[PDB]
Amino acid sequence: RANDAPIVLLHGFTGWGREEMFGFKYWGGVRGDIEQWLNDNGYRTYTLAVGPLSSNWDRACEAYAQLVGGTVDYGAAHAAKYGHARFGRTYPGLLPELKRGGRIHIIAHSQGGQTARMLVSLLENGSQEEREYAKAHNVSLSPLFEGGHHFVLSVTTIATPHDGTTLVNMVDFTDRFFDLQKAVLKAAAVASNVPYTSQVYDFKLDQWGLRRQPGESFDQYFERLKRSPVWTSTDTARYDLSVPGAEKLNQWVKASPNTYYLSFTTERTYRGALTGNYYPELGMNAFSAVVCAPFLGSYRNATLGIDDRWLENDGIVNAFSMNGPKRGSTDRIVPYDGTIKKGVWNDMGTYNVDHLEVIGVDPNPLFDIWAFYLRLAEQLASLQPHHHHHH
């Protein structure tokens, strides 16, 4: 070990706390419990749960308070712009050590990779618009928006749509996306047509004043959410997930020079010789395979900049999006050569695993999930806090 910074796990547009979903773990799913696996092997590991459907910003603010402790502060400018509450939940703080020079590695899956990047950006640089708004209106300002925080030694992204996913361009994306939430609920053996009195799956929609009501099944809940500002606003995961939304985000969310970045690309497809299109591989999660992959492997859009390079996918995200932000980005991406460089995206390669298989939510006995996350842990723990120059 060159370092002793704990690992923090972070989910995407689906994800829940360790105590949610009757203990079925987002990180591990039907395979087991990834956090616990890592801890047992001697790598300190924690798990964040933030709003699945919320924007990367809201999630960044939630991640921060959850780490250091306090009441989630979304920023006054941001809250005024989008019309939700400035303050959210209160958290004990997973690691108050952060307020004392300590650091962390973030391992992020799916859209959690956008969130992680933005958290690094906000920690380091704060928000100019938030600082000016506070100066002009005399409102208080969260320390997240002042700049100067150095918590993150590294960020690792796994199947992250850094340039968005063409999934959002499906004519029926709205129904299909919530069908995706019902699919993951099903995986954990939770029904979507039952009005469970227990919380089960909290979408943490406190800023929007949205919550599942007594006598409301997840089917009925999702129908309301579809018509709510968490689905219709630009301050949403839905928007950040799109190609143009991802590009917007990339235009201000830059790689920190003091931080290591690792990206893992995922795919579960084969190419058809006659069509040029990609198709779901045998074994891909049932839902992706019928619903999502055929579109992802065949959808082109000349004006949007979606060509052939975008067709390979993992059932949910186009592989070409995952190695790092590129569209609207100045971030650099360098293929892993054996030396993890800092201040750049280290493309660790492409793995034959579909979205949900990489976190164990879908079975794949051919994928050694434990060896994957352990090797990763070993790698992050070998990162040198400081690197001098040499021949």
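For every residue, the number given is its place in the sequence shown, counted from 1.
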Can you tell me which stretch has the higher mean Cα B-factor, 379-387 or 10-18?
379-387
280-288 versus 109-117 - which carries the larger mean C-alpha B factor in the record
280-288
Among the candidates 29, 325, 51, 338, give the one with the maximum CA B-factor reported in the record.
338
In terms of CA temperature factor as recorded, identify the highest of 76, 246, 304, 122.
304
Divide the modelled residues of the chain into thirds by Cα B-factor and specify which third, lowest, middle or highest, holds residue 267.
middle
What third of its chain's C-alpha B-factors does residue 72 belong to: lowest, middle or highest?
middle
Would the CA B-factor of residue 160 place it in the lowest, middle or highest third of its chain?
lowest
Looking at the entry's B-factor column for C-alpha atoms only, identify whether residue 189 ranks in the lowest, middle or highest third of its chain.
middle
Chain thirds by Cα B factor, record data; residue 35 belongs to the highest
